[PDB]
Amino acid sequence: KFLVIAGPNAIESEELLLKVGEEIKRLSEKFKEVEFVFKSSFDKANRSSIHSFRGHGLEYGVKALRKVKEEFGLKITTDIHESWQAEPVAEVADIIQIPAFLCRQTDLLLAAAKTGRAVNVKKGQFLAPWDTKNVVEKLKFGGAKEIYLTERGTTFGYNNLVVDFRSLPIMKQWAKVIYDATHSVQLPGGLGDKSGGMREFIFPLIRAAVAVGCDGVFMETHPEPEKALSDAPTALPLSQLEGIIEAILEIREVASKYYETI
């Protein structure tokens, strides 16, 4: 079944996680043919500015995520930034996410693989799609069995990203492919001491992704997007999720017959 990874970008509070988890649960009940994974970062370790919001700590985060998992029965995913975080995070995370800037850090990859959990690596903005085969090679060597590669855009000049959709079938040769719909339209460090984003392109590019063919979509959401303490320019209003999920499934159903084999 198609994978939908969604949640608020950062764990601003567990009240937030619960409110968003409530909607994700409703969506999981409505879309039985979709595997929903709740995502939220316990820490924003790569913010452009030392003044920006980071989070409330790994432990608080794991606790908030566990609360969502137990209250709504949803699978969880969160990212790690240094090797020691793999083990404590694997306690609650079904899927351990590896940040794009850190996609080549061997030890971080081996540490995630060692937990036995699934691993999803965001493709670096500096990495060519063919260069991802080696990334999968490290994770396999380390013992990983469920492996994902996420498309989140490529460096195109300064403060801008372009999505080379050719990367979807190329990467599918070595792993399941996830399309990060929110960060692919993000304009890196575009707002001075923060990054920007163009929400108007989120939906059309998602349509493109499922038309080309991928195994899932990653999309951040928030009850009040403009108020998000991280990635404000990109979060999708909670109410828009249902409509976009519906479109995804409908487009996939008519295009899947044309997806290239192997």
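Throughout, we count residues from 1 along the sequence that is shown.
Relative to one another, 53-61 and 189-197 have unequal mean CA B-factors, and 189-197 is the one with the higher figure. The mean C-alpha temperature factor is higher for 67-75 when 67-75 and 175-183 are set side by side. Among the modelled residues of its chain, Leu16 has a C-alpha B-factor that falls in the highest third according to the deposited record.
Among all modelled residues in its chain, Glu253 ranks in the highest third by Cα B-factor. The PDB entry assigns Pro237 a C-alpha temperature factor belonging to the middle third of its chain's modelled residues. Among the modelled residues of its chain, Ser48 has a C-alpha B-factor that falls in the middle third, as given in the PDB entry. In the PDB entry, a CA B factor belonging to the highest third of its chain's modelled residues is recorded for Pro225.
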